[PDB]
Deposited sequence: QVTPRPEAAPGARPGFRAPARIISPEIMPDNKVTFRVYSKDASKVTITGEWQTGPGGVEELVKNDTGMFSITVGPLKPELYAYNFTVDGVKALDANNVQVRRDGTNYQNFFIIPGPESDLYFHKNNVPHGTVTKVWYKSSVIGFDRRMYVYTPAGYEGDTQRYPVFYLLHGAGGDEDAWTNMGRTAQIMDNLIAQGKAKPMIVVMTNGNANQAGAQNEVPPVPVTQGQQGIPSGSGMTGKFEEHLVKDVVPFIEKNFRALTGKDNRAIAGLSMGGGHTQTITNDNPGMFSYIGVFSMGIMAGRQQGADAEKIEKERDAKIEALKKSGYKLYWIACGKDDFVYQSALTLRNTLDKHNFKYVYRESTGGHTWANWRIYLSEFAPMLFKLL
């Protein structure tokens, strides 16, 4: 039996790959410096390649191997994630910064529902994922709703798979840090019916955004025990989805009171008029989060300046790092506790 990864008491991590045939086995992982920082495993006489890295800071880290030039996952690690077409293994180093990302056996767990709905706007049925809080079943309580949008290359599975949304929400809700809430994760690619690993291509500017308001929101409010109205609605998205969030809220002032723009910036006289209408809409939070090293940083500054021009109040969270799921998990973790308060 081969243990890989093996997390040590000092948060070093050992990885192992067996092969007497292979010449070179490397590992690519999210703790590394960059492409030049790929690391080579050391082969012993027995055929075992191994490497120990770290100590690593608490976080979720994805990785894979490369065996004589071919990508290979870690067959001894059952934890596998998917980012579009890119599959990688992962592990989580325990500690304060990663604690919300674990699936804990002593925490009540919310349901994840993969549900299809008709779309009058797009013209074919589409799939979304809906998280409901623990204890939703068997009760009559109604809950506010948070619409959570992915970026380019993603799909309705991404926020749970890459973003650990079910764990983050289970843990925040159980800890009393976020209110119980329904989280709705749409597929933001209007040409798709659902995630490409399960749903084939179907045999469009503005259509996703229009469909969220005209098709998704009514379906959620009809088919789930949802509170209604702007103070019970939140919306956030990353990158492309942060653009969707702006378009949706700019075009529908007074529909969402909690608005989050993750790793995205600006995308006219119409623009200024829509800011003025949104400014007067009674919103409660406009939260902009971006990493200092993200290529979109300057565009996010332009967004902030454009809001400043209108004396439009927002909160800005600048973080370390760049355009990564590590940052998007952090942003979700910080934004969800702000909602519906």
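- According to the record, C-alpha coordinates are lacking for deposited residues 1-20, 224-236, 301-312, 387-388.
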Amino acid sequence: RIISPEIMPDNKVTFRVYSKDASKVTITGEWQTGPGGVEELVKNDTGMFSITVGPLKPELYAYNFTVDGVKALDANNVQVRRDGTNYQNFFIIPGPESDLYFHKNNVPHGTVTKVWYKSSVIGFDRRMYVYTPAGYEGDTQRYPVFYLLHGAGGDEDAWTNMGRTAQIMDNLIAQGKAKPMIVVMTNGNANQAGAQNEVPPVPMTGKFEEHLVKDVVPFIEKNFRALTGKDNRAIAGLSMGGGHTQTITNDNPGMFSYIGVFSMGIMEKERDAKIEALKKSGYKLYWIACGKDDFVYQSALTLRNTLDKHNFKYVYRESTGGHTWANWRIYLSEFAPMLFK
From here on, numbers count along this sequence of modelled residues.
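- For the two regions 270-278 and 27-35, the entry's Cα B-factors average higher over 270-278.
- Mean CA B-factor, 70-78 versus 137-145: the higher value falls on 137-145.
- Going by the entry's values, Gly95 shows the largest Cα B-factor out of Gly95, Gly163, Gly154, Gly194.
- In this PDB entry, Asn171 carries a Cα temperature factor that places it within the lowest third of its chain's modelled residues.
- Residue-level temperature factors show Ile2 in the highest third of its chain, judged at the C-alpha atom.
- Annotation for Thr46: CA B-factor lies in the highest third of the chain's modelled residues.
- When all modelled residues of the chain are sorted by CA temperature factor, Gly237 is found within the lowest third.
- Looking at the C-alpha B-factors along this chain, the one for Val296 belongs to the highest third.
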